[PDB]
file my_file_6.txt (compact mmCIF, C-alpha atoms)
# COMPACT_ATOMS: atom_id res chain seq x y z
CA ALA Z 1 -41.49 40.72 3.46
CA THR Z 2 -43.21 40.69 0.06
CA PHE Z 3 -42.64 43.35 -2.60
CA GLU Z 4 -44.90 43.56 -5.62
CA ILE Z 5 -43.07 45.28 -8.48
CA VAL Z 6 -45.43 46.67 -11.13
CA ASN Z 7 -44.45 48.13 -14.51
CA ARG Z 8 -47.11 50.68 -15.44
CA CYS Z 9 -44.83 52.23 -18.09
CA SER Z 10 -45.76 51.84 -21.74
CA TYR Z 11 -42.29 50.39 -22.38
CA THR Z 12 -40.59 47.25 -21.11
CA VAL Z 13 -38.33 47.60 -18.09
CA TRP Z 14 -35.98 45.11 -16.50
CA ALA Z 15 -36.53 45.27 -12.75
CA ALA Z 16 -33.60 44.67 -10.40
CA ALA Z 17 -33.38 43.98 -6.66
CA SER Z 18 -30.13 43.76 -4.74
CA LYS Z 19 -28.53 44.52 -1.40
CA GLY Z 20 -25.18 45.40 -2.96
CA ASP Z 21 -23.32 42.14 -2.34
CA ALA Z 22 -26.14 39.73 -3.29
CA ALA Z 23 -29.35 39.47 -5.27
CA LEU Z 24 -32.68 39.83 -3.51
CA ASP Z 25 -34.92 36.97 -4.63
CA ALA Z 26 -34.07 36.21 -8.29
CA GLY Z 27 -32.36 39.62 -8.55
CA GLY Z 28 -33.90 40.71 -11.84
CA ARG Z 29 -36.65 40.06 -14.39
CA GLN Z 30 -38.15 41.46 -17.54
CA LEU Z 31 -41.46 43.29 -17.00
CA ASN Z 32 -43.51 44.09 -20.05
CA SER Z 33 -46.03 46.92 -19.79
CA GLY Z 34 -48.57 45.97 -17.13
CA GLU Z 35 -46.70 42.98 -15.69
CA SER Z 36 -46.24 42.46 -11.96
CA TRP Z 37 -43.45 40.56 -10.22
CA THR Z 38 -43.75 39.49 -6.59
CA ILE Z 39 -40.53 38.90 -4.68
CA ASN Z 40 -39.78 37.84 -1.12
CA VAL Z 41 -37.17 39.83 0.81
CA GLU Z 42 -35.91 38.18 3.95
CA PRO Z 43 -36.58 40.06 7.21
CA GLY Z 44 -33.70 42.07 8.60
CA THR Z 45 -32.44 43.02 5.13
CA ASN Z 46 -30.38 46.21 5.47
CA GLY Z 47 -29.64 48.47 2.52
CA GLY Z 48 -31.76 46.80 -0.15
CA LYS Z 49 -32.55 48.63 -3.38
CA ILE Z 50 -35.02 48.15 -6.25
CA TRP Z 51 -34.67 49.95 -9.58
CA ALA Z 52 -35.65 49.71 -13.23
CA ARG Z 53 -33.30 49.22 -16.15
CA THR Z 54 -34.11 50.38 -19.67
CA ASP Z 55 -33.16 49.23 -23.18
CA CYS Z 56 -31.52 45.95 -22.16
CA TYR Z 57 -30.63 43.12 -24.35
CA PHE Z 58 -29.72 39.78 -22.87
CA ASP Z 59 -28.75 36.47 -24.35
CA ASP Z 60 -29.35 32.91 -23.35
CA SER Z 61 -27.19 32.76 -20.21
CA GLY Z 62 -28.66 36.07 -19.00
CA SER Z 63 -25.68 38.24 -19.99
CA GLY Z 64 -26.04 41.44 -21.94
CA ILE Z 65 -26.24 45.19 -21.39
CA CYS Z 66 -28.73 47.91 -20.45
CA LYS Z 67 -28.57 51.63 -21.20
CA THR Z 68 -29.58 52.60 -17.65
CA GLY Z 69 -29.08 50.69 -14.42
CA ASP Z 70 -26.82 47.94 -15.80
CA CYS Z 71 -25.50 45.70 -13.02
CA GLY Z 72 -22.37 44.25 -14.58
CA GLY Z 73 -24.20 42.92 -17.62
CA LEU Z 74 -26.38 40.39 -15.76
CA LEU Z 75 -30.13 39.91 -15.98
CA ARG Z 76 -30.14 38.78 -12.32
CA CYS Z 77 -28.39 41.58 -10.45
CA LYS Z 78 -26.06 40.71 -7.57
CA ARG Z 79 -24.67 44.22 -7.21
CA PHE Z 80 -26.04 47.74 -7.68
CA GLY Z 81 -26.73 49.28 -11.07
CA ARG Z 82 -24.90 51.91 -13.12
CA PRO Z 83 -26.44 55.42 -12.83
CA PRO Z 84 -28.76 57.03 -13.75
CA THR Z 85 -31.19 54.97 -11.58
CA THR Z 86 -34.20 56.16 -9.61
CA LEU Z 87 -33.82 54.12 -6.39
CA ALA Z 88 -36.36 52.57 -4.06
CA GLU Z 89 -34.38 52.03 -0.84
CA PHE Z 90 -35.27 50.05 2.26
CA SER Z 91 -33.99 48.57 5.50
CA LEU Z 92 -36.31 46.04 7.14
CA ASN Z 93 -36.79 45.07 10.81
CA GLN Z 94 -34.36 47.61 12.27
CA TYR Z 95 -35.24 47.60 15.98
CA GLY Z 96 -38.90 46.92 15.23
CA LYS Z 97 -39.24 49.36 12.31
CA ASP Z 98 -38.98 49.39 8.52
CA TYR Z 99 -37.41 52.39 6.76
CA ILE Z 100 -38.14 53.28 3.12
CA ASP Z 101 -37.28 56.13 0.79
CA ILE Z 102 -36.84 57.11 -2.83
CA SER Z 103 -33.47 58.54 -3.82
CA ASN Z 104 -32.27 60.64 -6.75
CA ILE Z 105 -28.69 60.62 -5.41
CA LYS Z 106 -27.75 58.27 -8.26
CA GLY Z 107 -29.81 60.14 -10.86
CA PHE Z 108 -33.19 59.43 -12.40
CA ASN Z 109 -34.28 57.15 -15.19
CA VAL Z 110 -37.87 55.97 -14.55
CA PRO Z 111 -40.62 57.60 -12.42
CA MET Z 112 -41.57 55.60 -9.36
CA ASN Z 113 -44.10 55.15 -6.53
CA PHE Z 114 -42.95 53.28 -3.40
CA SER Z 115 -45.90 52.45 -1.11
CA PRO Z 116 -46.77 49.97 1.64
CA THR Z 117 -49.55 47.48 0.98
CA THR Z 118 -50.08 46.95 4.72
CA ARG Z 119 -50.99 49.74 7.11
CA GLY Z 120 -49.37 52.25 9.39
CA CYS Z 121 -47.37 54.57 7.10
CA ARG Z 122 -47.51 56.59 3.87
CA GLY Z 123 -45.90 55.99 0.50
CA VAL Z 124 -43.48 58.23 -1.39
CA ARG Z 125 -43.37 59.12 -5.06
CA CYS Z 126 -41.14 60.78 -7.64
CA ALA Z 127 -43.22 60.96 -10.84
CA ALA Z 128 -42.16 64.24 -12.45
CA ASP Z 129 -40.67 64.44 -15.95
CA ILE Z 130 -37.09 64.78 -14.74
CA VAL Z 131 -35.67 63.35 -17.98
CA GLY Z 132 -37.50 65.89 -20.13
CA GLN Z 133 -36.45 68.81 -17.91
CA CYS Z 134 -32.92 67.53 -17.19
CA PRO Z 135 -30.15 70.19 -17.37
CA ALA Z 136 -27.97 69.83 -20.47
CA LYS Z 137 -24.83 68.92 -18.49
CA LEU Z 138 -26.60 66.07 -16.66
CA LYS Z 139 -28.41 64.45 -19.60
CA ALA Z 140 -27.25 60.90 -20.16
CA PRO Z 141 -26.99 59.86 -23.84
CA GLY Z 142 -28.54 56.46 -23.14
CA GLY Z 143 -31.52 58.09 -21.50
CA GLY Z 144 -32.06 59.44 -18.02
CA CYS Z 145 -30.71 62.31 -15.95
CA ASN Z 146 -27.42 61.81 -14.11
CA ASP Z 147 -26.67 63.16 -10.67
CA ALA Z 148 -23.88 65.73 -10.44
CA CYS Z 149 -21.54 63.46 -8.47
CA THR Z 150 -21.60 60.86 -11.27
CA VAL Z 151 -20.90 63.52 -13.92
CA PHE Z 152 -18.35 65.79 -12.25
CA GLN Z 153 -16.70 63.70 -9.49
CA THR Z 154 -16.06 66.57 -7.04
CA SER Z 155 -15.97 66.48 -3.25
CA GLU Z 156 -18.89 68.92 -3.11
CA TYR Z 157 -21.25 66.92 -5.35
CA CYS Z 158 -20.22 63.54 -3.89
CA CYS Z 159 -20.05 64.85 -0.29
CA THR Z 160 -16.77 62.99 0.08
CA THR Z 161 -15.57 64.85 3.18
CA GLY Z 162 -18.87 64.27 4.89
CA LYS Z 163 -19.81 67.89 4.53
CA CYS Z 164 -21.40 69.50 1.54
CA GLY Z 165 -24.33 71.74 0.78
CA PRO Z 166 -27.16 71.73 -1.76
CA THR Z 167 -26.14 72.70 -5.29
CA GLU Z 168 -27.78 74.08 -8.42
CA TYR Z 169 -27.96 70.47 -9.65
CA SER Z 170 -29.36 68.92 -6.46
CA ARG Z 171 -31.94 71.74 -6.27
CA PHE Z 172 -33.22 70.72 -9.71
CA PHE Z 173 -34.04 67.20 -8.50
CA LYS Z 174 -35.48 68.52 -5.23
CA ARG Z 175 -37.73 71.04 -6.99
CA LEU Z 176 -39.28 68.35 -9.21
CA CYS Z 177 -39.35 65.61 -6.52
CA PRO Z 178 -39.40 67.02 -2.98
CA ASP Z 179 -40.03 63.58 -1.42
CA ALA Z 180 -36.80 62.03 -2.75
CA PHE Z 181 -33.22 62.50 -1.57
CA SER Z 182 -31.47 64.98 -3.88
CA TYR Z 183 -27.94 64.85 -2.34
CA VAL Z 184 -26.34 62.78 0.35
CA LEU Z 185 -26.89 65.25 3.23
CA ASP Z 186 -30.40 66.20 2.13
CA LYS Z 187 -32.91 66.57 4.94
CA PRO Z 188 -34.15 62.97 5.18
CA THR Z 189 -37.39 62.05 3.43
CA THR Z 190 -37.27 58.55 4.92
CA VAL Z 191 -40.61 57.07 5.99
CA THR Z 192 -40.90 54.90 9.11
CA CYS Z 193 -43.20 51.88 8.75
CA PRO Z 194 -44.11 49.05 11.15
CA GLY Z 195 -41.57 46.25 11.16
CA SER Z 196 -42.42 43.48 8.64
CA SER Z 197 -44.62 45.61 6.39
CA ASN Z 198 -45.22 44.65 2.75
CA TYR Z 199 -44.76 46.97 -0.21
CA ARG Z 200 -45.44 47.74 -3.85
CA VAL Z 201 -43.03 49.51 -6.21
CA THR Z 202 -44.80 50.94 -9.27
CA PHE Z 203 -42.84 52.20 -12.27
CA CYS Z 204 -44.55 55.08 -14.11
CA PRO Z 205 -47.27 55.45 -11.44
CA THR Z 206 -49.19 58.22 -13.20
CA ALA Z 207 -48.46 57.82 -16.93

call {"tool": "encode", "arguments": {"input": "my_file_6.txt", "output": "structure tokens"}}
result
Amino acid sequence: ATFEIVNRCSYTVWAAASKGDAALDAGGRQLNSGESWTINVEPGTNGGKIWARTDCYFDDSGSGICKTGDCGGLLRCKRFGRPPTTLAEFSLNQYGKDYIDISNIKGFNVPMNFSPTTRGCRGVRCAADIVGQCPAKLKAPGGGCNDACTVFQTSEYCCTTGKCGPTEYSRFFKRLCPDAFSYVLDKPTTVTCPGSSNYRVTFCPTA
């Protein structure tokens, strides 16, 4: 499948793509404002994620650090990034269907549109100013808005026992972005697409 990753933000982001134990395509790249990066994701990929990283600096060998979404200090991510990270999530070719969603379970750093470029399903979007409105306890110094599990490490926020309810913190994310997961047992906002669809992820889709 092909994913076009577009940075419509006025600031540079460092895109990342991983399935947790391996990079997808090159795994990461700088995107200046307006730049697009097309990657190929092999069919049958389960549990892939795309996210933006902000305020990175990398050296020659591609080692460095980012203030949001850092994946062990590498430009080319092999593993998932450090929260807060707005997440585009996907599983491809699962019994003939693709499944996509946007998740705030790991916090929010950059607004995001996640849409198919082929037909047969709708896109999803979380483009509200969650950083500006972020509750004081969840604000991350480096930028972004942490989820409550990351901050407080309780069974309720992290849904460790496999049961948990919505919280004052999850309700904040859900009120600003109803189409994104706000906690792990949220009513699913997953979208079902035809198997082998193609997609575009747009950072800062509105502004």

call {"tool": "residues_around", "arguments": {"input": "my_file_6.txt", "residues": "residue Z:173", "least_positions_apart": "6", "cutoff": "10 Å", "atoms": "all atoms listed in the file", "output": "PyMOL selection string"}}
result
chain Z and resi 103-105+107-108+126+128+130+133-134+145+147+179-183

call {"tool": "closest_residue", "arguments": {"input": "my_file_6.txt", "among": "Z:68, Z:202, Z:163, Z:123", "to": "residue Z:141", "atoms": "all atoms listed in the file"}}
result
Z:68

call {"tool": "closest_residue", "arguments": {"input": "my_file_6.txt", "among": "Z:37, Z:58, Z:199, Z:172", "to": "residue Z:117", "atoms": "all atoms listed in the file"}}
result
Z:199

call {"tool": "closest_residue", "arguments": {"input": "my_file_6.txt", "among": "Z:186, Z:11, Z:78, Z:62", "to": "residue Z:24", "atoms": "only C-alpha atoms"}}
result
Z:78

call {"tool": "residues_around", "arguments": {"input": "my_file_6.txt", "residues": "residue Z:143", "least_positions_apart": "2", "cutoff": "12 Å", "atoms": "all atoms listed in the file", "output": "PyMOL selection string"}}
result
chain Z and resi 53-55+66-69+83-85+107-110+130-132+134+138-141+145-146

call {"tool": "write_last_selection", "arguments": {"input": "my_file_6.txt", "atoms": "C-alpha atoms", "output": "short mmCIF file (atom, residue, chain, number, x, y, z; two decimals), in the frame of the given file"}}
result
data_model
loop_
_atom_site.label_atom_id
_atom_site.label_comp_id
_atom_site.auth_asym_id
_atom_site.auth_seq_id
_atom_site.Cartn_x
_atom_site.Cartn_y
_atom_site.Cartn_z
CA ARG Z 53 -33.30 49.22 -16.15
CA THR Z 54 -34.11 50.38 -19.67
CA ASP Z 55 -33.16 49.23 -23.18
CA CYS Z 66 -28.73 47.91 -20.45
CA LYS Z 67 -28.57 51.63 -21.20
CA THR Z 68 -29.58 52.60 -17.65
CA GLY Z 69 -29.08 50.69 -14.42
CA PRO Z 83 -26.44 55.42 -12.83
CA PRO Z 84 -28.76 57.03 -13.75
CA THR Z 85 -31.19 54.97 -11.58
CA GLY Z 107 -29.81 60.14 -10.86
CA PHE Z 108 -33.19 59.43 -12.40
CA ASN Z 109 -34.28 57.15 -15.19
CA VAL Z 110 -37.87 55.97 -14.55
CA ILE Z 130 -37.09 64.78 -14.74
CA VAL Z 131 -35.67 63.35 -17.98
CA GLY Z 132 -37.50 65.89 -20.13
CA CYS Z 134 -32.92 67.53 -17.19
CA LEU Z 138 -26.60 66.07 -16.66
CA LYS Z 139 -28.41 64.45 -19.60
CA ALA Z 140 -27.25 60.90 -20.16
CA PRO Z 141 -26.99 59.86 -23.84
CA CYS Z 145 -30.71 62.31 -15.95
CA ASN Z 146 -27.42 61.81 -14.11
#

call {"tool": "atom_distance", "arguments": {"input": "my_file_6.txt", "atom1": "atom CA of residue Z:187", "atom2": "atom CA of residue Z:90"}}
result
16.9 Å

call {"tool": "atom_distance", "arguments": {"input": "my_file_6.txt", "atom1": "atom CA of residue Z:165", "atom2": "atom CA of residue Z:149"}}
result
12.7 Å

call {"tool": "atom_distance", "arguments": {"input": "my_file_6.txt", "atom1": "atom CA of residue Z:89", "atom2": "atom CA of residue Z:47"}}
result
6.8 Å

call {"tool": "closest_residue", "arguments": {"input": "my_file_6.txt", "among": "Z:2, Z:167, Z:63, Z:161", "to": "residue Z:40", "atoms": "all atoms listed in the file"}}
result
Z:2

call {"tool": "closest_residue", "arguments": {"input": "my_file_6.txt", "among": "Z:160, Z:197, Z:150, Z:18", "to": "residue Z:97", "atoms": "only C-alpha atoms"}}
result
Z:197

call {"tool": "closest_residue", "arguments": {"input": "my_file_6.txt", "among": "Z:102, Z:61, Z:51, Z:22", "to": "residue Z:82", "atoms": "only C-alpha atoms"}}
result
Z:51

call {"tool": "residues_around", "arguments": {"input": "my_file_6.txt", "residues": "residue Z:190", "least_positions_apart": "3", "cutoff": "8 Å", "atoms": "only C-alpha atoms", "output": "list in words"}}
result
residues 99, 100, 101 and 102 of chain Z

call {"tool": "axis_aligned_box", "arguments": {"input": "my_file_6.txt", "around": "stretch 176-195 of chain Z", "padding_each_side": "3 Å", "output": "JSON"}}
result
{"center_x": -35.2, "center_y": 57.3, "center_z": 1.0, "size_x": 23.8, "size_y": 28.1, "size_z": 26.4}

call {"tool": "residues_near_point", "arguments": {"input": "my_file_6.txt", "point": "(-48.1, 57.9, 7.8)", "cutoff": "9 Å", "atoms": "all atoms listed in the file", "output": "VMD selection string"}}
result
chain Z and resid 119 to 123 191 to 193

call {"tool": "residues_around", "arguments": {"input": "my_file_6.txt", "residues": "residue Z:112", "least_positions_apart": "6", "cutoff": "9 Å", "atoms": "only C-alpha atoms", "output": "list in words"}}
result
residues 51, 86, 87, 88, 102, 124, 125, 126, 127, 201, 202, 203, 204, 205 and 206 of chain Z

call {"tool": "residues_near_point", "arguments": {"input": "my_file_6.txt", "point": "(-43.2, 46.4, -15.7)", "cutoff": "9 Å", "atoms": "only C-alpha atoms", "output": "ChimeraX atom specification"}}
result
/Z:5-15,30-37,52,202-204

call {"tool": "build_atoms", "arguments": {"input": "my_file_6.txt", "residues": "stretch 45-60 of chain Z", "atoms": "N, CA, C and O atoms", "output": "PDB file, in the coordinates of the input"}}
result
ATOM      1  N   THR Z  45     -33.245  42.508   6.232  1.00  0.00           N
ATOM      2  CA  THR Z  45     -32.440  43.020   5.130  1.00  0.00           C
ATOM      3  C   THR Z  45     -32.150  44.502   5.317  1.00  0.00           C
ATOM      4  O   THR Z  45     -33.064  45.312   5.500  1.00  0.00           O
ATOM      5  N   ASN Z  46     -30.869  44.849   5.281  1.00  0.00           N
ATOM      6  CA  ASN Z  46     -30.380  46.210   5.470  1.00  0.00           C
ATOM      7  C   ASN Z  46     -29.789  46.702   4.161  1.00  0.00           C
ATOM      8  O   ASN Z  46     -28.963  46.010   3.555  1.00  0.00           O
ATOM      9  N   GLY Z  47     -30.220  47.880   3.712  1.00  0.00           N
ATOM     10  CA  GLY Z  47     -29.640  48.470   2.520  1.00  0.00           C
ATOM     11  C   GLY Z  47     -30.043  47.814   1.213  1.00  0.00           C
ATOM     12  O   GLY Z  47     -29.231  47.746   0.280  1.00  0.00           O
ATOM     13  N   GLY Z  48     -31.277  47.326   1.114  1.00  0.00           N
ATOM     14  CA  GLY Z  48     -31.760  46.800  -0.150  1.00  0.00           C
ATOM     15  C   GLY Z  48     -32.235  47.910  -1.075  1.00  0.00           C
ATOM     16  O   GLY Z  48     -32.639  48.993  -0.643  1.00  0.00           O
ATOM     17  N   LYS Z  49     -32.152  47.645  -2.379  1.00  0.00           N
ATOM     18  CA  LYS Z  49     -32.550  48.630  -3.380  1.00  0.00           C
ATOM     19  C   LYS Z  49     -33.284  47.934  -4.521  1.00  0.00           C
ATOM     20  O   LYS Z  49     -32.937  46.811  -4.903  1.00  0.00           O
ATOM     21  N   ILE Z  50     -34.294  48.614  -5.065  1.00  0.00           N
ATOM     22  CA  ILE Z  50     -35.020  48.150  -6.250  1.00  0.00           C
ATOM     23  C   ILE Z  50     -34.968  49.293  -7.257  1.00  0.00           C
ATOM     24  O   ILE Z  50     -35.102  50.466  -6.885  1.00  0.00           O
ATOM     25  N   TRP Z  51     -34.740  48.954  -8.526  1.00  0.00           N
ATOM     26  CA  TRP Z  51     -34.670  49.950  -9.580  1.00  0.00           C
ATOM     27  C   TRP Z  51     -35.071  49.307 -10.896  1.00  0.00           C
ATOM     28  O   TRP Z  51     -35.149  48.078 -11.015  1.00  0.00           O
ATOM     29  N   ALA Z  52     -35.356  50.157 -11.879  1.00  0.00           N
ATOM     30  CA  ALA Z  52     -35.650  49.710 -13.230  1.00  0.00           C
ATOM     31  C   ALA Z  52     -34.437  49.931 -14.112  1.00  0.00           C
ATOM     32  O   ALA Z  52     -33.645  50.851 -13.896  1.00  0.00           O
ATOM     33  N   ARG Z  53     -34.294  49.063 -15.108  1.00  0.00           N
ATOM     34  CA  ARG Z  53     -33.300  49.220 -16.150  1.00  0.00           C
ATOM     35  C   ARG Z  53     -34.025  49.330 -17.486  1.00  0.00           C
ATOM     36  O   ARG Z  53     -35.064  48.697 -17.691  1.00  0.00           O
ATOM     37  N   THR Z  54     -33.483  50.140 -18.387  1.00  0.00           N
ATOM     38  CA  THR Z  54     -34.110  50.380 -19.670  1.00  0.00           C
ATOM     39  C   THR Z  54     -33.195  49.962 -20.813  1.00  0.00           C
ATOM     40  O   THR Z  54     -31.965  49.980 -20.684  1.00  0.00           O
ATOM     41  N   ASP Z  55     -33.827  49.558 -21.915  1.00  0.00           N
ATOM     42  CA  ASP Z  55     -33.160  49.230 -23.180  1.00  0.00           C
ATOM     43  C   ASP Z  55     -32.054  48.199 -22.975  1.00  0.00           C
ATOM     44  O   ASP Z  55     -30.887  48.448 -23.277  1.00  0.00           O
ATOM     45  N   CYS Z  56     -32.442  47.030 -22.470  1.00  0.00           N
ATOM     46  CA  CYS Z  56     -31.520  45.950 -22.160  1.00  0.00           C
ATOM     47  C   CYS Z  56     -31.515  44.968 -23.295  1.00  0.00           C
ATOM     48  O   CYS Z  56     -32.550  44.757 -23.926  1.00  0.00           O
ATOM     49  N   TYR Z  57     -30.377  44.320 -23.566  1.00  0.00           N
ATOM     50  CA  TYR Z  57     -30.630  43.120 -24.350  1.00  0.00           C
ATOM     51  C   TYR Z  57     -29.789  42.047 -23.691  1.00  0.00           C
ATOM     52  O   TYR Z  57     -28.642  42.292 -23.316  1.00  0.00           O
ATOM     53  N   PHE Z  58     -30.377  40.882 -23.525  1.00  0.00           N
ATOM     54  CA  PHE Z  58     -29.720  39.780 -22.870  1.00  0.00           C
ATOM     55  C   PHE Z  58     -29.748  38.567 -23.775  1.00  0.00           C
ATOM     56  O   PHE Z  58     -30.662  38.395 -24.587  1.00  0.00           O
ATOM     57  N   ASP Z  59     -28.740  37.723 -23.619  1.00  0.00           N
ATOM     58  CA  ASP Z  59     -28.750  36.470 -24.350  1.00  0.00           C
ATOM     59  C   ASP Z  59     -29.333  35.355 -23.514  1.00  0.00           C
ATOM     60  O   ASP Z  59     -30.166  35.554 -22.622  1.00  0.00           O
ATOM     61  N   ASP Z  60     -28.789  34.179 -23.778  1.00  0.00           N
ATOM     62  CA  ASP Z  60     -29.350  32.910 -23.350  1.00  0.00           C
ATOM     63  C   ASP Z  60     -29.044  32.670 -21.880  1.00  0.00           C
ATOM     64  O   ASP Z  60     -29.936  32.339 -21.092  1.00  0.00           O
TER      65      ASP Z  60
END
